[PDB]
Amino acid sequence: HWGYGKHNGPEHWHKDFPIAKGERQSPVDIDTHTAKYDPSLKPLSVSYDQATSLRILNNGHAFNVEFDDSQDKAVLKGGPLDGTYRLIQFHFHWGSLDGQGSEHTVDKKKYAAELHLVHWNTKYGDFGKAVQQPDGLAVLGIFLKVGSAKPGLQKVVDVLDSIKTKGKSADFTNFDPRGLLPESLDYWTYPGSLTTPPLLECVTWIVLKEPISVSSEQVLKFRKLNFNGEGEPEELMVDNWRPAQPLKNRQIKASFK
Ligand SMILES: [Zn+2]
């Protein structure tokens, strides 16, 4: 149904998913002049040494790099979080041009793309149970700007030809998500939602302050993916981002001074 076209884009989602107009929707604009340092946040802990990637899938909206989440292999803990959150997948949002593509914004600045590492709270047993809880998910968001290449992204870029169209997948084992992280783990955090239907308000967002750089050639390969299925008219997979939503009765907290 839903997508990012003219006729089915974000501004339409509310008809089928009324929480689209909810109290804790994502993404948001992060105003660096109102987010406040919070000395209570605990250090953040990204433990990806035992991550087992399995497959990469074009779902018609983005591509997901999927992990084995049936044990505590790759987990996020610390920061704002209580307990342990297991990595299930990562995906990106990106633009048709370098001046747009991110979902979150920083002082209204749009980055070229945004990476989402999605993790679910083990206290709820499965992903599908977790998304029904306000503290069910933790999403680590990382901005991408265009400049030098990101070596740890190339293995992703190089498999994209094999998943050009909706419904295609490829084996994608032994990929190390640590190669997608910036140097610093300074972050902003707030409570919000999934940014695609069903838009559930189940996410603790953790948005890193430092972007990673990718090359123009890397991003150009993202933009050659298709929203459509095999043999259908080509619709390039670009501009698969939701714009900023109202902050409402939320505060964005900073991990850093
Ligand atoms: Zn996302």
Side-chain angles (χ1 to χ4, degrees), residues 44-77 84-94 101-103 111-120 122 126-127 130 137-185 187 194-196 203 206-208 210-226 237-238 240-241:
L44 194 71
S45 173
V46 183
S47 302
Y48 290 165
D49 51 295
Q50 299 288 317
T52 297
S53 63
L54 290 173
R55 190 178 75 143
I56 191 173
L57 170 71
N58 179 333
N59 59 26
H61 304 118
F63 63 86
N64 292 165
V65 172
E66 300 165 350
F67 290 79
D68 178 6
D69 69 338
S70 71
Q71 290 184 85
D72 294 341
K73 287 192 160 194
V75 299
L76 187 66
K77 50 200 24 260
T84 299
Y85 291 68
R86 279 208 189 149
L87 180 66
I88 178 170
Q89 54 102 327
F90 68 77
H91 63 273
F92 303 79
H93 307 266
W94 60 93
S102 66
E103 295 208 308
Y111 284 89
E114 186 174 330
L115 166 60
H116 292 160
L117 296 124
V118 182
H119 310 74
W120 57 271
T122 62
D126 71 65
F127 179 89
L137 291 183
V139 181
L140 182 60
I142 303 178
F143 297 119
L144 282 60
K145 63 184 194 184
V146 179
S148 306
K150 191 72 168 174
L153 186 57
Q154 190 61 38
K155 281 204 275 216
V156 173
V157 164
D158 281 334
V159 76
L160 297 179
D161 284 339
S162 76
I163 62 151
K164 183 180 181 178
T165 50
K166 181 177 52 184
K168 297 207 161 283
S169 62
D171 294 320
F172 203 73
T173 46
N174 307 104
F175 179 74
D176 179 7
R178 290 174 288 184
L180 299 177
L181 303 175
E183 176 184 331
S184 179
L185 298 182
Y187 63 89
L194 298 175
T195 73
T196 53
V203 181
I206 300 169
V207 179
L208 297 189
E210 185 180 19
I212 62 166
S213 300
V214 305
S215 63
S216 58
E217 292 87 0
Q218 291 180 316
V219 174
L220 282 162
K221 290 178 160 152
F222 280 31
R223 296 179 181 144
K224 293 186 164 175
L225 285 164
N226 285 182
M237 185 179 282
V238 294
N240 58 353
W241 49 278

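Excluded from the calculations below are hydrogen atoms, water molecules and symmetry mates; all remaining heavy atoms, backbone and side chain alike, are included. Numbers for residues simply follow the sequence, beginning at 1.
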Side chain to side chain contact (heavy atoms under 4.5 Å, CB included) evaluation trace for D49 with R178: CA-CA 8 Å; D49 51 295; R178 290 174 288 184; 3.6 Å; yes

- request: Take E103 and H93 through the test side-chain hydrogen bond (donor to acceptor under 3.5 Å, both in side chains) and record every step on the way to the result.
  value: CA-CA 7 Å; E103 295 208 308; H93 307 266; 3.2 Å; yes

- request: I would like to know whether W94 and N240 meet side-chain hydrogen bond (donor to acceptor under 3.5 Å, both in side chains); could you show each step before the answer?
  value: CA-CA 6 Å; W94 60 93; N240 58 353; 4.7 Å; no

task: Could you give me the CA-CA distance, side-chain angles and deciding distance for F172 and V65, then say whether side chain to side chain contact (heavy atoms under 4.5 Å, CB included) is met?
output: CA-CA 8 Å; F172 203 73; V65 172; 3.8 Å; yes

query: Should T173 and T52 be marked as a side chain to side chain contact (heavy atoms under 4.5 Å, CB included) after you check the CA-CA gap, both sets of side-chain angles, and the distance that decides it?
result: CA-CA 7 Å; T173 46; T52 297; 6.0 Å; no

- request: Report the C-alpha distance between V207 and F143 in whole Å, list the side-chain angles of each, state the deciding distance to 0.1 Å, and finish with yes or no for side chain to side chain contact (heavy atoms under 4.5 Å, CB included).
  value: CA-CA 8 Å; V207 179; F143 297 119; 3.6 Å; yes

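Taking CG of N226 as the reference point, atom CG of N58 lies at 7.5 Å (rounded to 0.5 Å). Rounded to the nearest 0.5 angstrom, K145 NZ and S102 OG are separated by 13.5 Å. For the atom pair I56 CD1 and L160 CG, the distance stands at 5.5 Å (nearest 0.5 Å). The distance from atom OG of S213 to atom CG of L153, rounded to the nearest 0.5 Å, is 11.5 Å. Note that CD of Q89 is 8.5 Å distant from CG of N59, once rounded to the nearest 0.5 Å. Of the inter-residue distances, the one linking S162 atom OG with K164 atom NZ reads 12.0 Å to the nearest 0.5 angstrom.
In the displayed structure, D171 atom CG is contacted under 6.0 Å by at most 12 heavy atoms of other residues, nucleotides or ligands. Shown here is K73, whose NZ atom has more than 12 heavy atoms of other residues, nucleotides or ligands within 6.0 Å. Atom CD of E210 sits in a crowded spot, with more than 12 heavy atoms from other residues, nucleotides or ligands closer than 6.0 Å. For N174, the CG atom counts as loosely surrounded, since its 6.0 Å shell holds 12 or fewer non-hydrogen atoms of other residues, nucleotides or ligands.
You'll find the side chain of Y111 stays beyond 4.5 Å of the side chain of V146, heavy atoms only. Looking at heavy atoms from C-beta onward, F67 lies in side-chain contact with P177 at the 4.5 angstrom threshold. Considering only heavy atoms from C-beta on, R86 stays 4.5 Å or farther from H119 through its side chain. Within the 4.5 Å cutoff, the side chain of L180 has no heavy atoms near those of the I142 side chain. Two residues are said to be in side-chain contact when any heavy atoms from C-beta on lie closer than 4.5 Å; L208 and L185 meet this criterion. Side-chain contact check for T195 versus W241: every heavy-atom pair is 4.5 Å or farther apart. Residues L140 and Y187 have side chains not in contact (no heavy-atom distance under 4.5 Å, counting atoms from C-beta outward). A 4.5 Å side-chain heavy-atom check between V159 and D161 finds every atom pair outside the cut-off.
Summarising the geometry of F63 relative to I163, their closest heavy-atom pair is CB-CD1, 3.9 Å, with the distance given to 0.1 Å. Across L54 and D68, no two heavy atoms sit closer than the pair CD1-N, 3.8 Å. Annotation for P182 and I212: closest pair N-CG2, 3.6 Å, computed over non-hydrogen atoms. Residues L137 and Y85 come closest through the heavy atom pair C-CE2, 3.6 Å. Between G179 and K150, the shortest heavy-atom contact is O-CE, 3.2 Å. Considering every non-hydrogen atom in both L194 and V203, the closest pair reads N-CG2, 3.6 Å.
Remark: of the listed residues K168, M237, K166, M237 is the sole one forming a side-chain contact (heavy atoms from CB on, under 4.5 Å) with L225.
Using a 30° and 60° split on the angle between ring planes, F90 and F175 fall in the tilted class, from 30° to 60°.
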